[PDB]
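Notes to accompany the following structure.
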Amino acid sequence: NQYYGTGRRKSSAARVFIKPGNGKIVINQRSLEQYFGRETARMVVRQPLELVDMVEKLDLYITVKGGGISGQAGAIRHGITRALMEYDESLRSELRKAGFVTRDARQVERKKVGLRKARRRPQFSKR
Amino acid sequence: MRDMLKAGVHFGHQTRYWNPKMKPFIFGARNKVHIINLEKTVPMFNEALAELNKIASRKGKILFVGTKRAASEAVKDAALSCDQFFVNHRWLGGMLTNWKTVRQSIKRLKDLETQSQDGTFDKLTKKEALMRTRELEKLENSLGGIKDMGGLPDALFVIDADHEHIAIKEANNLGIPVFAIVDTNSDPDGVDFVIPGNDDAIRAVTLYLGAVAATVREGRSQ
Amino acid sequence: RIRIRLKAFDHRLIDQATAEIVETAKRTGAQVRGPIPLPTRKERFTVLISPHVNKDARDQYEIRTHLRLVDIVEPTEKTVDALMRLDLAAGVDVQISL
Amino acid sequence: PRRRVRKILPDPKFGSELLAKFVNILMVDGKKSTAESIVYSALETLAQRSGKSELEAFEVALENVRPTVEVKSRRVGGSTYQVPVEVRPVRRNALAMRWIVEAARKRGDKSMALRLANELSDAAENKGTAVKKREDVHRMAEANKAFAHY
Amino acid sequence: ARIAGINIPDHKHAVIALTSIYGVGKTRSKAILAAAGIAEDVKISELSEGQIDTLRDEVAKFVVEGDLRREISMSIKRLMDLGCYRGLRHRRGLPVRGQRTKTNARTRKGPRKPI
Amino acid sequence: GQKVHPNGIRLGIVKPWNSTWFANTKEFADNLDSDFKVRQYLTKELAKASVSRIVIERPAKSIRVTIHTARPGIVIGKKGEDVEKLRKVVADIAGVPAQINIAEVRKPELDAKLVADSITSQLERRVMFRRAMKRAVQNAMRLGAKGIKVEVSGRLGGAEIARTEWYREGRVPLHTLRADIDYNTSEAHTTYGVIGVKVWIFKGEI
Amino acid sequence: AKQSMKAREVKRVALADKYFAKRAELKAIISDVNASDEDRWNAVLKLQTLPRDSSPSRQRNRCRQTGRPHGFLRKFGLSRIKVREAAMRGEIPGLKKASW
Amino acid sequence: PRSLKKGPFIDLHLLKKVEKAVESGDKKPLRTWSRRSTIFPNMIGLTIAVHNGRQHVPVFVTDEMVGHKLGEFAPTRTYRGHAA
RNA sequence: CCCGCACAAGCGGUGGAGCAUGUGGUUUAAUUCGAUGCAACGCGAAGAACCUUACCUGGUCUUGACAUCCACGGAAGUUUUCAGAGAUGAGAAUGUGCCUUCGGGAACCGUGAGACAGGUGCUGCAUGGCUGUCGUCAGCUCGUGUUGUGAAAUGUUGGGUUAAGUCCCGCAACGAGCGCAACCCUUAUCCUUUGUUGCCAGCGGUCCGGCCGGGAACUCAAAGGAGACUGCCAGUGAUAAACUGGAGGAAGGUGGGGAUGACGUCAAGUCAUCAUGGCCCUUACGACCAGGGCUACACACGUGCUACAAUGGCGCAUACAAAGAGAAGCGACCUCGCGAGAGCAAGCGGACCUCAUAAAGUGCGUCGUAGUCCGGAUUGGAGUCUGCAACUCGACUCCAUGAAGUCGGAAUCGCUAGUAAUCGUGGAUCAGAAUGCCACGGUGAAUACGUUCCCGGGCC
Ligand SMILES: CN(C)[C@@H]1C(=O)C(C(N)=O)=C(O)[C@@]2(O)C(=O)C3=C(O)c4c(O)c(NC(=O)CN5CCCC5)cc(F)c4C[C@H]3C[C@@H]12
Ligand SMILES: [K+]
Ligand SMILES: [K+]
Ligand SMILES: [K+]
Ligand SMILES: [K+]
Ligand SMILES: [K+]
Ligand SMILES: [K+]
Ligand SMILES: [K+]
Ligand SMILES: [K+]
Ligand SMILES: [K+]
Ligand SMILES: [K+]
Ligand SMILES: [K+]
Ligand SMILES: [K+]
Ligand SMILES: [Mg+2]
Ligand SMILES: [Mg+2]
Ligand SMILES: [Mg+2]
Ligand SMILES: [Mg+2]
Ligand SMILES: [Mg+2]
Ligand SMILES: [Mg+2]
Ligand SMILES: [Mg+2]
Ligand SMILES: [Mg+2]
Ligand SMILES: [Mg+2]
Ligand SMILES: [Mg+2]
Ligand SMILES: [Mg+2]
Ligand SMILES: [Mg+2]
Ligand SMILES: [Mg+2]
Ligand SMILES: [Mg+2]
Ligand SMILES: [Mg+2]
Ligand SMILES: [Mg+2]
Ligand SMILES: [Mg+2]
Ligand SMILES: [Mg+2]
Ligand SMILES: [Mg+2]
Ligand SMILES: [Mg+2]
Ligand SMILES: [Mg+2]
Ligand SMILES: [Mg+2]
Ligand SMILES: [Mg+2]
Ligand SMILES: [Mg+2]
Ligand SMILES: [Mg+2]
Ligand SMILES: [Mg+2]
Ligand SMILES: [Mg+2]
Ligand SMILES: [Mg+2]
Ligand SMILES: [Mg+2]
Ligand SMILES: [Mg+2]
Ligand SMILES: [Mg+2]
Ligand SMILES: [Mg+2]
């Protein structure tokens, strides 16, 4: 019936519901084109289905909260990947090879005392 | 004597490497090799077995120090058949002179030994249990012979005074009689009962080791 | 409905205090919704640690305020009696709302 | 570094990792969308002026800007000798793309897309400051051809 | 073209062209054009001489150019004559609005006068 | 270098807090100030009673003070008369009804504060610092400390140049967060000024 | 801090409590849109005549242990130095060294 | 500047000294430390000796001064140049 | 022989401009004191109008502003008047309580002694405590043994190896301690439990709003677990430690980040947080007050912010965060104002309410390379708010003004990845007063051949 995957990226979390269909993609009650202006974001979302060739064989219902454009697109990609592996477990190795199965664990590094940012140190002068 | 030279007690080391102090126990320099004088050997070998009996019939302890890749096996047998102690791998410098400390390594081995049999190992992790497993084996190679030896020895049967210069020097400091198979290429000065002998050939070593096995065993019999 | 909000600086205390509150209520003919773990407030403090200068030498401290919500639904009279005679650990702030 | 120890995602429109790298070199301040728009605008202009494809016309510009050899200040007692070193193929592209972008930024046309299309078309015909820097790098490598083997 | 005794740029949009007048910024410019019923983005060249006359009438409601220059000059003269703190700052060519003079104040002081 | 406070670093790991009340911001500073005044009063009043630790709870509209002491009988007094004096004064300071409990320190030689206070008492009576330090270390190790460190710093023996002297026996693994390191300090107010004492007592891991 | 400086703060807190209601009443009149210009004027003049130390803005938060007028934290009522000392002895409930 | 709804600030002690001075026609300078007081129309013609930190600077009040603070006419810092 | 953003390779800066800010200097009545190569200079100060405040000028007090003790009057208070800049002085109303053995008390006030109080006065080179620093560098030691007449050595060197005195092996050392690592926090995956204030997959609605029944799935919340060990595999290696790949896995070799700072070094910093030996002042070096100063300005240096534009400015439309704060507080909605704001006045001690709108982005339009539709300094006028009070010396708004600046010489700084760069957001301090500090997400690079050189360091 309905295959689910949670995906996360930076501070984004995506809830991806996949059912058999005809290439419908809804994201927060909006089309993929409406939700993401960026073609990179759109590419990121479509990557898993283009890889497995199920672009027009599956309807995706997606909700996504938190982070930004790229975070959300990456969260969605991770969610689709996980939904696809629930749908068909044979796809794992192909999706694994593409790098889509990994939860990208790169987060904003905290600001530290005595630094301007996480690593940016204040300007030194000899005297 | 005919069996001493069958065993190979007769043929000492090359003449290049000789210690001049061992010249009285060198009959020939035949074919670029010093040959140990057996007429000096046999009288001196029996007075060693004499004193080993007198020590072992006082019911003291012999330490069979022979830490070369050839006699490590036989010192770990000529002290088991004998019911005595051995060092068959690296003599830890300070085994006797620093016995107070080296006895704490004995105690740690015995803790680790119980842990291996009981399987407190099994309760600990791979990293932890296998580290204390390897620590057991390292302690056993060094101090396996001298574990049941809560006390400084009363004698120190040595093979090759050259190799066990540390052990002999320790025994000389503490006042323990050494019974060394002193070779032609080796210093006899520190040794108490010099046995002039080839100290390398397994067959030469086994012969000595069966005699010192008996004399101590016969000490214990009476 | 009795809404019980528990606050504490130690989560082990607050979990003990909720365990007792759900015990007393479920004994006494009440339907207990919870304990619901509400967001922990992490209140952070950064102090200079030198008495003088050394601005980059600092300690960062945190008070975590743990928060649990227990709702006692269709509460019995036995329920309300038993809840008031309970004695939770000192260290747990207990706010009751009806 | 003292101990020798990312993968660029291919660009959406054309599927090139080389053009993805080109966008990254053009990009400032993490503004990749802005950089993407410039490059795709420039490549449309470049594809329309040649009749060659966007990536094909890009490759022809890179062909003419890529250095084969460069100098490295390799200090070996007394003075420091500029030693001609073969540029490895990834660095050839890296330098070419960096020089094109550097050249395009120096130009006087209105938008960067136009500045970039002009520099790429100029690169293809061997008449820009990017091509000039490749020629400058080559002649300094030619002038120090004595100090190979170093 | 000629409003308030200055030549306004003919090529520029009216909203920008009128800011050539001393005393007309972006806000007043928008108000003048709103009051004249002229769109902001009409080039001054494209306006009829009827429309330029309406702009002259709207600009005349504000104090601009020499009239504004005399008001500002008189306002500073008043302070300097009073000998109030602000007056003294005007006289000495130092910041008048509390700013530091240990460093900076270069807009008021001009270029660095080396010792 | 400078070292983290051994108690502070272990506060949620192996080491409890000495104040275990909850408060919102409204009451928080007031409670800290009343706790300070209670600890100040009791520390002064029980200076000869070998008080290690004063734990303060605030259950509801009250204060509960546990006094950890090596000499509980002297604190409690004759049929609880002296502890009743403390309770009334604590109740005035806190401005709420007070309960005082007395916990016994069975082993004062293993209590870092009592060891520190013992050394500083001896230094104020002009005992040789090295003698006081060595006995403190000896006594703790005899009574089953897995290790102890004692540091004494200042004008030792009324020297003009201040110096730090320390002695350690056993393990004192200060980077091990699960190490039960009892740490405390004391000041000897001598004729030549302040000698600071620091005591670390390791009582095993976890 | 000096004993006198601590005493000044006590005086300021006491006066601010004493006159709080009067000051609030006068400032209500001064603020009020519907008040007379006479009543607002008189209220302006009256608020001046009250002790300056009755204004709460005259109070400086000081460390309640030392009187330090800098480095204060309101949560604790202490300077940064005394917060740290208390924190490390386990005397500030819940407070521990923070990492994240 | 002070919000118009609150009116101009003057210290009551100065306000009463000015009222007395005007009502008596007293032309002796009014000594004040109220630098923060607004100059009112009734002060016109009075000399007000305004404290500058160390001296009372005589300010002969003119109509142009009305609405300024008294302290504006009594500079507190002495400066005659660096190389003076 | 090794290592580290040390260099190289890169990317962005500083140095030039304006402004903010600290310092030096100079000035001043005072510009309070401290910090001074790295390791002082947006440092103590997490916020100087008054206060703070330590300084100056002047006005004042002398057992005192702040304690304890005694004696002698008085409840405490609350009102209010005059004089005075105020400190304070002189009054005038109005209380007459609380324990009570009915003798007293002791609440809180004078007032008189003098024992003392008081001191941000001096010495950080008399000190404690706390801190910086080499440096999170891999070191530093000890017992016993042994070597040397001895200072000392050995261990700790050596062969491999590691981020690491990390580990293995050898070895007159054998062990041990403090460091390294681990245990702690956080982050990345999953599971269990709980399900409101959070959630909405499937239902039933529906005003289209998780809005309402409901649901407990999912996001998430936060407790408890699981997970990563070079465990597995292959090769290499001394039948070693380890190393190089591979698999699986959310994660791989210390996964990322933090906390954690050995013995010691610099008589390093701090007697002005505090404490403290000694010294010094005591009708003054103490104390109170108003006003001024700490904000001065020929100038020099450090740290920043904003720019110089078109990868941009402006206008319009329109997406997507995280973290946090809040009761003398956060303050919605509505109304009024061009606006800062104001007036009403909900809600919220908070997953509920409020701050609060992310901005960069995207789309459309415009400007067309100009000292400009760049920049936003400076100055005039008019305001708002906080606050007894914004003259010296606040922040903010509106109108007007529209400076320098066209990418910065020698030199020099940061950074190796969710980093740099760039974009907003929040917090502490705080009545008000950030371009600083601390924190939070968004977008998101380049480059690293290498170790010759520069700097700091480790081992022989
Ligand atoms: C930063 N700087 C200026 C120096 C610097 O660069 C370094 C450094 N290590 O780099 C430093 O050491 C310093 O900072 C520092 O701390 C100094 C002192 O303490 C100090 C001191 O206190 C006394 N004291 C007395 O003679 C007291 N008296 C006894 C009789 C009466 C007077 C004498 C004395 F010469 C010194 C040396 C200074 C030097 C100073
Ligand atoms: K204009
Ligand atoms: K200024
Ligand atoms: K010190
Ligand atoms: K030794
Ligand atoms: K002192
Ligand atoms: K001032
Ligand atoms: K700045
Ligand atoms: K700068
Ligand atoms: K402009
Ligand atoms: K001001
Ligand atoms: K620059
Ligand atoms: K504020
Ligand atoms: Mg960031
Ligand atoms: Mg800084
Ligand atoms: Mg909150
Ligand atoms: Mg200013
Ligand atoms: Mg004091
Ligand atoms: Mg204040
Ligand atoms: Mg104005
Ligand atoms: Mg470089
Ligand atoms: Mg500059
Ligand atoms: Mg200064
Ligand atoms: Mg100093
Ligand atoms: Mg000083
Ligand atoms: Mg120095
Ligand atoms: Mg002041
Ligand atoms: Mg008066
Ligand atoms: Mg003093
Ligand atoms: Mg010092
Ligand atoms: Mg060493
Ligand atoms: Mg180690
Ligand atoms: Mg967990
Ligand atoms: Mg792998
Ligand atoms: Mg560690
Ligand atoms: Mg010094
Ligand atoms: Mg003052
Ligand atoms: Mg200053
Ligand atoms: Mg502009
Ligand atoms: Mg705030
Ligand atoms: Mg805000
Ligand atoms: Mg836009
Ligand atoms: Mg690095
Ligand atoms: Mg920023
Ligand atoms: Mg090393």
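The chains referred to below are lettered A, B, ... by the order of the sequence lines, with proteins before strands, and numbering in each begins at 1. Quick note: numbers below take in every heavy atom, side chains included, and nothing from hydrogens, waters or symmetry partners.
Phosphate contact (OP1/OP2 of I:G381, side-chain N/O of E:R86, threshold under 4.0 Å): present. Contact annotation: C:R33 reaches the phosphate of I:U196 (side-chain N/O to OP1 or OP2, under 4.0 Å). One finds no side-chain N or O of H:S34 lying less than 4.0 angstrom from the OP1 or OP2 phosphate oxygen of I:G291. Taking side-chain N and O atoms only, D:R6 has no distance below 4.0 Å to OP1 or OP2 of I:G418. Contact annotation: A:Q123 reaches the phosphate of I:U303 (side-chain N/O to OP1 or OP2, under 4.0 Å). Residue H:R54 has a polar side-chain atom (N or O) positioned under 4.0 Å from OP1 or OP2 of I:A29. At I:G329, none of the side-chain N or O atoms of F:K26 fall inside 4.0 Å of OP1 or OP2 (strictly under the cut-off). Applying the 4.0 Å criterion to OP1 and OP2 of I:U270, one finds that C:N54 has every side-chain N and O outside that range. One finds a side-chain N or O of B:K127 lying less than 4.0 angstrom from the OP1 or OP2 phosphate oxygen of I:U230. Phosphate proximity of I:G361 to D:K31: present, with a side-chain N or O under 4.0 Å from OP1 or OP2. Side-chain N/O atoms of C:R68 include one lying less than 4.0 angstrom from OP1 or OP2 on I:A223. Phosphate contact (OP1/OP2 of I:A201, side-chain N/O of A:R15, threshold under 4.0 Å): present. Between E:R112 and I:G18 there is a side-chain N or O to OP1 or OP2 distance below 4.0 Å.
No canonical Watson-Crick or G-U wobble pair links I:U162 to I:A216 with each of its two hydrogen-bond distances shorter than 3.5 Å. Taken together, I:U63 and I:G198 fail the test for a Watson-Crick or G-U wobble pair, since the two needed distances are not both under 3.5 Å. Applying the 3.5 Å cutoff to both bonds, I:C396 and I:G155 do not register as a Watson-Crick or G-U wobble pair. For the criterion of Watson-Crick or G-U wobble pairing, both bonds shorter than 3.5 Å, the nucleotides I:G227 and I:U27 do not count as partners. If you check I:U197 against I:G252, you find neither a Watson-Crick nor a G-U wobble pair with both contacts below 3.5 Å. Taken as a pair, I:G24 and I:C299 qualify: Watson-Crick (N1-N3 plus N6-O4 or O6-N4) or G-U wobble (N1-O2 and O6-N3), both under 3.5 Å. Under the 3.5 Å cutoff applied to both distances, I:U354 and I:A325 qualify as a Watson-Crick or G-U wobble pair. Judged by the 3.5 Å cutoff on both pairing distances, I:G350 and I:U189 do not qualify as a Watson-Crick or G-U wobble pair. With the cut-off at 3.5 Å for both distances, I:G25 forms a Watson-Crick or G-U wobble pair with I:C297. Taking 3.5 Å as the upper bound for both contacts, I:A247 does not pair with I:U81 in Watson-Crick or G-U wobble fashion.
With a cut-off of 3.5 Å on both pairing distances, the Watson-Crick or G-U wobble partner of I:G129 is I:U270. Pairing for I:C285 is absent, with no Watson-Crick or G-U wobble pair whose two atom distances lie under 3.5 Å. Across all strands shown, I:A8 remains unpaired; no Watson-Crick or G-U wobble contact has both distances below 3.5 Å.
A north sugar is assigned to I:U378: the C1'-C2'-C3'-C4' torsion is positive, on the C3'-endo side. Judged by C1'-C2'-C3'-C4', the furanose ring of I:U96 adopts a south pucker.
Applying the ring-ring contact (aromatic ring centres under 6.0 Å, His included) rule to C:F45 yields the partners G:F76; only residues at least two apart in sequence or on another chain are considered. The ring-ring contact (aromatic ring centres under 6.0 Å, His included) check on H:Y79 picks up H:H82, with sequence neighbours excluded. For the side chain to side chain contact (heavy atoms under 4.5 Å, CB included) test, residues two or more places apart in sequence or in another chain that qualify with C:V70 are C:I4, C:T18, C:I21, C:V22, C:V32, C:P35, C:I72. Remark: A:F17 pairs with A:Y4 by the ring-ring contact (aromatic ring centres under 6.0 Å, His included) rule, at least two apart or across chains. In this view, E:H13 satisfies the ring-ring contact (aromatic ring centres under 6.0 Å, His included) rule with no residue, not counting sequence neighbours.
Ring geometry for H:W33 versus H:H51: interplanar angle of 30 to 60°, hence tilted.
Across all strands shown, H:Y79 has heavy atoms under 4.0 Å from sugar-phosphate atoms exclusively, and none from any base. Residue A:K10 is in base contact, counting any heavy-atom pair closer than 4.0 Å across all strands shown. When heavy atoms are screened at a 4.0 angstrom cut-off, G:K46 is found touching no nucleic acid atom at all. Residue A:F36 is out of contact with every strand shown, counting any heavy-atom pair closer than 4.0 Å. Contacts of E:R106 with the nucleic acid, taken as non-hydrogen atoms under 4.0 Å apart, involve only primed sugar atoms and P, OP1 or OP2.
Heavy atoms only, all atoms of each residue included: D:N24 and D:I8 are closest at ND2-CG2, 3.8 Å.
Among residues at least two apart or in separate chains, there is no salt bridge (charged side-chain N to carboxylate O under 4.0 Å, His left out) pair with a member in residues 70-84 of chain H. The side chain to side chain donor-acceptor pair (under 3.5 Å) analysis of residues 97-111 of chain E, with sequence neighbours excluded, yields the pairs E:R100-E:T103.
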For nucleotides 347-349 of chain I, tabulate all protein N/O to nucleotide N/O atom pairs closer than 3.5 Å, reporting atom names and distance.
none

Check nucleotides 284-290 of chain I against the protein and report each pair of N or O atoms closer than 3.5 Å, with its distance, or say if there are none.
residue, atom, partner, partner atom, Å
I:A287, OP1, G:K2, NZ, 3.4
I:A287, OP1, G:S4, OG, 2.7
I:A287, OP2, G:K2, NZ, 2.9
I:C288, OP1, G:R8, NE, 2.8
I:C288, OP2, G:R8, NH2, 2.7

What nitrogen or oxygen pairs link the protein and nucleotides 336-345 of chain I at under 3.5 Å?
none

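The P atoms of I:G170 and I:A238 are separated by 16 Å, rounded to the nearest whole Å. Rounded to a whole angstrom, the distance from the P atom of I:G47 to that of I:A106 is 45 Å. Rounded to whole Å, the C1' atom of I:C355 lies 41 Å from the corresponding atom of I:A290. Using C1' as the reference atom, I:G324 and I:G424 are 15 Å apart when rounded to the nearest Å. Using atom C1' as the reference point in both I:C364 and I:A342, the two lie 38 Å apart (nearest Å). Between I:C38 and I:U186, the two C1' atoms lie 33 Å apart (nearest whole Å). Going from the P atom of I:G326 to that of I:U311 covers 46 Å, rounded to whole Å.
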* Footprint string (nucleotides 317-325 of chain I, 5' to 3'): B base within contact, S backbone only, - free, heavy atoms under 4.0 Å -> --BBSS--S

* Structure fact -> Per-nucleotide protein contact along nucleotides 241-261 of chain I, 5' to 3', at a 4.0 Å heavy-atom cut-off (B base, S sugar-phosphate only, - neither), is S-------BSS-----BBSSS

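Contacts made by the side chain of A:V108 are confined to the major groove, where a base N7, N6, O6, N4 or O4 atom sits under 5.0 Å from one of its heavy atoms. Contacts from F:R155 map to the minor groove: a side-chain heavy atom sits under 5.0 Å from a minor-groove N or O of a paired base.
With no hydrogens or angles considered, a side-chain donor-acceptor pair links H:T78 and H:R54 at under 3.5 Å.
For I:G44, the base is not stacked against the aromatic ring of C:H52, per a cut-off of 5.5 Å between centres and 30° between planes.
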